[PDB]
Amino acid sequence: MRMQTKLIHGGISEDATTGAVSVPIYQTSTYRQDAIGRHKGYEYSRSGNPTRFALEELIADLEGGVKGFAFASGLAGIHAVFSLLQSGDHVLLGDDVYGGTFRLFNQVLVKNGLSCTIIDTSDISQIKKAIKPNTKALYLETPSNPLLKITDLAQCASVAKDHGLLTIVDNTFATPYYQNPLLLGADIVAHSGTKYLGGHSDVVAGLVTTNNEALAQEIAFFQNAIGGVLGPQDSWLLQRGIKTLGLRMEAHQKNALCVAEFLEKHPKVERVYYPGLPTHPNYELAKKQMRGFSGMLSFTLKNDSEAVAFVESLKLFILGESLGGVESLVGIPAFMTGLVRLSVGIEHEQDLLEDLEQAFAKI
Amino acid sequence: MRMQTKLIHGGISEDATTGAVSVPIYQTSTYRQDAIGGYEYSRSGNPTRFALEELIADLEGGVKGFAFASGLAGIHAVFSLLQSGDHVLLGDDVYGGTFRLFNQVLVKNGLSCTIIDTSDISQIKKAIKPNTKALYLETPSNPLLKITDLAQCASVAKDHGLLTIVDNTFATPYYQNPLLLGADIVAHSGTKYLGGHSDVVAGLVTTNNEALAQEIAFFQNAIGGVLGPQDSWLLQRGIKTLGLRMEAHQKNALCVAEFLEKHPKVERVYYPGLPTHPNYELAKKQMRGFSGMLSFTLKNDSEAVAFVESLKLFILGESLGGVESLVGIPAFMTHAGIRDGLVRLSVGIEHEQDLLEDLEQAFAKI
Amino acid sequence: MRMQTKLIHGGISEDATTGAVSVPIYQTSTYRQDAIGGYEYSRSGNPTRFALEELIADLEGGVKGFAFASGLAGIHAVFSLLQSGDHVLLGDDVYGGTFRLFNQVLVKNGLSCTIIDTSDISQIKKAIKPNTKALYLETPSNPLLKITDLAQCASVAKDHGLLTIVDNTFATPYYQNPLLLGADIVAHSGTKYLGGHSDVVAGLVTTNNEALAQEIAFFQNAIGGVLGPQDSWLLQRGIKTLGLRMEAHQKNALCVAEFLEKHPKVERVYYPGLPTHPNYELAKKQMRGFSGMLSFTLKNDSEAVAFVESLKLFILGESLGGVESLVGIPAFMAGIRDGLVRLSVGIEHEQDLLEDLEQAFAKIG
Amino acid sequence: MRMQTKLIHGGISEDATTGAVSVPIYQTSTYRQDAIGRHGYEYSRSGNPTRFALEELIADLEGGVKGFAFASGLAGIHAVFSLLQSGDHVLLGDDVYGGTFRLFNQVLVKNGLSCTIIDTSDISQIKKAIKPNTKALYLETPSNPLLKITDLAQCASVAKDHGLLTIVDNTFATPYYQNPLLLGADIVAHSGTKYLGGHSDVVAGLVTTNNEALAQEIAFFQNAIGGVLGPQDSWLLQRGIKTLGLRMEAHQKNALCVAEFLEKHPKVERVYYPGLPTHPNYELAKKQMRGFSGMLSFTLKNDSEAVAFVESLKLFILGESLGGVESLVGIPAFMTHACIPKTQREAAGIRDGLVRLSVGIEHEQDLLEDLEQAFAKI
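Protein chains in written order, with this note's numbering: chain A, 1 to 363; chain B, 364 to 729; chain C, 730 to 1094; chain D, 1095 to 1472.
Okay, structure coming up:
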């Protein structure tokens, strides 16, 4: 079965006992057991839950892993991933990773004996040079946010492997529909389900999956030990949202192209950051490792002062703080995470252009 | 507003714009701004979650409330307040998962702990180091229901540089308020009595202190182990009957304890409400009642499994604090005074007679 | 919402319950509670004061605002964050009372300072000590209108562990917004351009930073140098015409600068709006306009007092930033010659202002 | 009116009096007049409706106030330089096409003017070379045969900040992919002979301008020197222009297929094409250009084999010109730059292994098969 068919029938997508084409929401905390040391499969909802498990199975099935793990948020998942390491360990970050991941290290992890080194990861040599005797992981994120900066996954993975290093990839922007880091040498993949996977701006969730059984034992342990689990209703809604991913990602791509092209041939606009443009640095690398480009695009205007007047005069893009939803979103990462980030939604392309038009006419 | 009225109308229990007597569920990740510069992003804040947070703050007399994906998610973020190189003092019978947090997650993140009997006040004195930054209390204890003087402990804690953190899961806010007794931070598993219907996994933390509130607020948002709006809403709904439930829990538990103690095959009963309990007077002092938690040791240890496996009403299972009665053997589940034969009962709200008849029939099988 | 609009509907410009287009004046000291557990005590919080604080936060791009009994009391509270044995860099011509605050108040409390020319970015680099915590800028500067590059000094301070503190009184939030140029704390003497009507003594402070906001709040409350409700309200009221007043101030100040410059009897003229002014290109870049503040030194230095005492429209007085024209010799009230005349150009008719100057010049040698 | 529509309806594209959807060919030397002092045509060296129609079109297409049609690309360039007085100085591109270099070297130099060859991508080199009597800067982008890109906006700005005029040769990128008058240039020159005609069947020059006074000046020397384009060739140039949009779309697509083929090839070294992301100033190229033409050049590894390669080509026509519907091939080192000593050639970046292609509008596959077999023989 193909990706499109897997989004609908993958993992667990059916109640085995009733035939329900939808996995039931197990709003429960505990489970009755036959004799002690002989359970019915589930013991306690923090450790495992049939609804959450179905979702965890789905994301594993999609990214080509052995196990999935659903979390209360993207950050909670990432946090649990880094709980695999001791104090005295080192991690190499990309120079433009998501701000909350930076704050995770800066303010939570570093504090606990975990050191990081920020480097440009599209500069393969900057990673070669940055490894210390205690470096235990390489944390990549491509396309990056904002700026959509592409990193070479297979290369970095190869390089991380001949050193005793973990390749941990944040696949949020380019979904499992467009990119599968585990098939390119990654050990652990993390998403914000809060974004595209959910895709209706109505769930806060993180998903992690892995290629490695030993890694999976570890991640499980810390999901259970720290307990930042995804609830069953959210799990169910995430899975429901995931069902449409393919169609949504297609529509996201189609729209964001029209938007990028229109923006590039504009008098008010200077540079434009989108992976689908032949004009974007490493465009070739992208077509190599991505089956498509999402709906994210940063960009800048020649007049750097108007940035805030432009964003605030738009009437169809929602001025808000997330991305990856069916509604188009807009931000300015200066005060949020003269650069303007667009999360192109799945509204009619013309209405999106007409909305950008009228907001340009105003500056 | 008294406790029993507060449970229903406390924190935010109403929708202000619409008038709705229930808080609406905000299944939403992000909010439109008229910005740039109330709500911005659901991990940082959410109206459903907030209403519950205000509720629990209101019930414990804290300045802020914090809702987590699980009890443990809450405790974890509480200990994220500390730097590597810091020292923590622990109870010798703290909940199994709390001990595992330190042993498996927090020690390897550079924190050190020391296990002392918290009912022994001089043991806490003797165990204090220069890097000791906090004392962690759980009373009554899981699973032996051991009682610890909260005023005394917080007193000794306060006149060193120490934080007094209390897990108040067993007594809930209906029967004990550690903040009003000198504690700095209070943590619950909302999965237990607060939800009460064994259908939600949830943590709740609250604090006396405005600055401490900012720190927890920081690590709630930064680590991101937040309760979802649906679970927040359901947990709030559960809390509305907390008062009535705890009374039934206490009435039944009292009845059961007095049955088990008078029973031929039983050796000791651990229940704070039994006059013969170590620190029974101290319980009456710091608690407005005892919950539904008790455990007992049966004269012949080898019969504990067979006893537990032949109960027909009590559900053999992992958790506690629900309307349905639960039973476990701590030795083989959640995990000094703990013998393989120890049996822990979570007395639910069924008919006292239905619960007694169940135990009667199970003893007849050993 | 644009700045011109924001001055009228920003922060809180309306009573929520009643719909009043003006914030009501809460002449109250205390509030009934349904406690134990919004407003508790007027020193901690007052709805009127808060309205003004929200407005300034909103104007400067801050997260919180803070209203004080005076510009000084605010500056005081800002520096109250620092421990003893800490170090601070000061502009060589910061406000006379800002020096006297450090010189005589904060020093004896264990604080240390170094006077530097801040328009010399290399000079600040030369003065950083290991115990230095903050740089304090003031541009344009009293009374020479010396301009400092906010963006660079912020950067230089940012890559060290330093706090950028800016006194934005002169070029108001309408012309300059330090917080967007990498500043951490902005402070105003509300007594000046913000009130605009020479009838309120006030100080306003705002910040980019949550943790700094917690701190400033703490010290505003603990020292208690808070602004009253009536003064807050009058201040907010004043702020509503800020945009209109600043435009007229500039239009007049440029008109006067060009008169004084082309004048035989005048030596130098200090005004950021003059092309031939140190760092004029810098002014244009970080400021959206030049204000009503200008100074000038005349050729006959001893005849400075005779000039000032013969002005009929301009008022010889002790302040600035009002709708009426003010004049003072900053020496009587390092650049400052005992014949430097400082002009606070009001919003009166320029012809009337120029005709007051003509007649004053026409009485000295 | 979008550009694609302008090519069909722009300037004068209709006979107002008869209805004709084609401008009539005016094979006439003269016109009857109504009375003395009262013409709107007098003599066809000054004015002719057929040529004027095409002239309007090129002004319209390039955003100029007036168009000028000349007997050839050179005639047009020459008429432009006929503005400057004896004594004047000109900054010239080093990659400038033969004819234009020679125009100065062997015609304009002996007539008072004088030049300096400078690289125009390197903007400081222009600044360093401005003399007090310098009055003009002549740019060609993309260039021949290496396709160097040049910043039109900034080069036009630096020239305007001095006393200078900006003259751009917009032949390669057509008015369909580039519009220098809209980037601060004052005069635009084309070889109509090339892409504008499109069918390798007309020799013609086109010049247009922003400036009312420059328009007057160019009109004068057009009429005074008489290097005017004839009415039949004007008409054919206009006819070819009607399909410029389409032809350029096909050229670009075909050129890109070939570009990508060539650089994936083991026997090739550098590929010079502005439409490759790997190309120098590809960034700038995208900003000022709306598309890349059919012109590419490539060097093969074994320098000497370029000859054997070209001789086996059976679809690419070995020929001097460019910008036609048919695909053309040449070796600049021999076809156009044999007079320049091989070492100066290599300095200028022109090796004996540099082959140039004017990719036509044949089926991209056939063109690829053609290159495939030719490579196979070496």
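The beta carbon of each residue, even a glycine, is placed where N, CA and C say it ideally should be.
Which whole-angstrom value describes the C-beta separation of residue i and residue j, a residue pair presumed to lie in contact below a C-beta threshold of 8 Å?
i: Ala1089/C; j: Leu1040/C; result: 5 Å
i: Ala54/A; j: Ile12/A; result: 4 Å
i: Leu507/B; j: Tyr633/B; result: 5 Å
i: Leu1331/D; j: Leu1290/D; result: 6 Å
i: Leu339/A; j: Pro333/A; result: 6 Å
Identify, in the order they occur along the chain, each residue of the same chain with its Cβ nearer than 7 Å to the Cβ of residue i, setting aside the five sequence neighbours on each side.
i: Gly473/B; result: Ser447 and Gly448
i: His1293/D; result: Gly1334, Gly1418 and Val1419
i: residue 1473/D; result: No information on residue 1473/D is available, as it lies outside the stretch 1095 to 1472 that chain D covers here.
Using the Cα positions of residue i and residue j, report the straight-line distance between them to the nearest angstrom.
i: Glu1156/D; j: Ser1391/D; result: 27 Å
i: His372/B; j: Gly953/C; result: 36 Å
i: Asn49/A; j: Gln155/A; result: 38 Å
i: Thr697/B; j: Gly459/B; result: 6 Å
i: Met1095/D; j: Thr1214/D; result: 34 Å
i: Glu944/C; j: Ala786/C; result: 16 Å
i: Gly454/B; j: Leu435/B; result: 16 Å
i: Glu1079/C; j: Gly919/C; result: 25 Å
i: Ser682/B; j: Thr30/A; result: 6 Å
i: residue 360/B; j: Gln223/A; result: As displayed, chain B neither begins before 364 nor continues past 729, which places residue 360/B out of reach and without an answer.
i: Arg631/B; j: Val529/B; result: 27 Å
i: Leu316/A; j: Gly691/B; result: 57 Å
i: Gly766/C; j: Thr535/B; result: 19 Å
i: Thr17/A; j: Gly401/B; result: 45 Å
i: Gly437/B; j: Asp594/B; result: 15 Å
i: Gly545/B; j: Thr527/B; result: 8 Å
i: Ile318/A; j: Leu356/A; result: 12 Å
Hey, quick one: how far does the beta strand (DSSP E) through residue i stretch, first residue to last?
i: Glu403/B; result: Looking at the DSSP string, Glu403/B is not in any beta strand (DSSP E), and its letter there is neither H nor E.
i: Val269/A; result: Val269 to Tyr273
i: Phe1428/D; result: It is not in any beta strand (DSSP E) - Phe1428/D instead sits in the alpha helix (DSSP H) that spans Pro1426 to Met1429.
i: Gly1161/D; result: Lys1160 to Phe1164
i: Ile1261/D; result: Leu1259 to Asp1263
Under 6 Å Cβ to Cβ from residue i, same chain only, skipping five residues before and after it: list those, please.
i: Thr502/B; result: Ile510 and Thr511
i: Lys132/A; result: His90
i: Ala1379/D; result: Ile1243 and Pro1368
i: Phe335/A; result: none
Going by beta carbon distance, what residues of the same chain come within less than 8 Å of residue i, once the five residues before and after it are set aside?
i: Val344/A; result: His252, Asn255, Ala256, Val259, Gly295, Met296, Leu297, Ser328 and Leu352
i: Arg291/A; result: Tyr177, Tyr178 and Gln179
i: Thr391/B; result: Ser405, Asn409 and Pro592
First and last residue of the alpha helix (DSSP H) that includes residue i?
i: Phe310/A; result: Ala307 to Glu312
i: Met296/A; result: Taken as a continuous stretch (DSSP letters only), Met296/A belongs to no alpha helix (DSSP H), being part of the beta strand (DSSP E) at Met296 to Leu301.
i: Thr1099/D; result: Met1097 to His1103
i: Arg341/A; result: That residue, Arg341/A, is in no alpha helix (DSSP H); its beta strand (DSSP E) goes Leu339 to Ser343.
Looking at ligand 2, does it come within less than 8 Å of residue i, judged from the CB to the closest heavy atom?
i: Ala1318/D; result: In terms of ligand content, the structure shown is empty, and ligand 2 therefore cannot be addressed.
With DSSP as the reference, identify every bridge partner of residue i, one or two as the case may be.
i: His816/C; result: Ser841/C and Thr861/C
i: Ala186/A; result: According to DSSP, which records beta bridges pairwise, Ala186/A is partnered with nothing at all.
i: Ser918/C; result: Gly932/C
i: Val1056/C; result: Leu1045/C and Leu1072/C
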